[PDB]
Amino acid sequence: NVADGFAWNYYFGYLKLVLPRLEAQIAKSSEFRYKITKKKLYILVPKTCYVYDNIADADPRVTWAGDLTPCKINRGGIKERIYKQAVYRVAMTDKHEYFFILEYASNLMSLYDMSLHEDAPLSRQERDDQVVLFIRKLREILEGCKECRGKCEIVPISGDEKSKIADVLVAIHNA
């Protein structure tokens, strides 16, 4: 399944690079080192494959707050390729605010684009199926990785949970 390649590539090409470094990148963040309590990356996976470039456009309670210190890695001929995470602020009631290291699995944007291309390499139904398999395979990879296990949460978001991202994140935080 094409989902298998996307899951393995998100692991080897991103999570395996950034997750073993995650606590150190947080410790270097003067703004966020003490505002992020659980040192974990939250990865949104939309079942619809609808990735939002600004997560506040999906749920306005989830607003971009800042960058973590970027990783700089020599990779594929690029000296000091920049790997950058985002911190989002979540406020559900007026009583508590939360700061999450948060992003979409952005390679899924290519699955969306594939299903729209003129030659139709992927139907919309096939795309939905592959997102399900992507979640399953990525979780299986992470569960077997000693360097990455426990440092990230895969968060599937259904189409009718678009405006509920804040609720889901705060619930998981309070597990």
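Note that residue numbering follows the sequence shown and begins at 1.
Between 141-149 and 52-60, it is 141-149 that carries the larger average Cα temperature factor according to the deposited entry.
For the two regions 84-92 and 98-106, the entry's Cα B-factors average higher over 84-92.
Per the PDB record, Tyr34 has a higher Cα B-factor than any other of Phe134, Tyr42, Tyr112, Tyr34.
Split the chain's modelled residues into thirds by C-alpha temperature factor. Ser158 is in the middle one. Ranked against the other modelled residues of its chain, the C-alpha B-factor of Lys164 as given in the entry falls in the middle third. Remark: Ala7 belongs to the lowest third of its chain, ranked by C-alpha B-factor as recorded. Ranked by Cα temperature factor within the chain, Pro70 sits in the highest third according to the deposited record.
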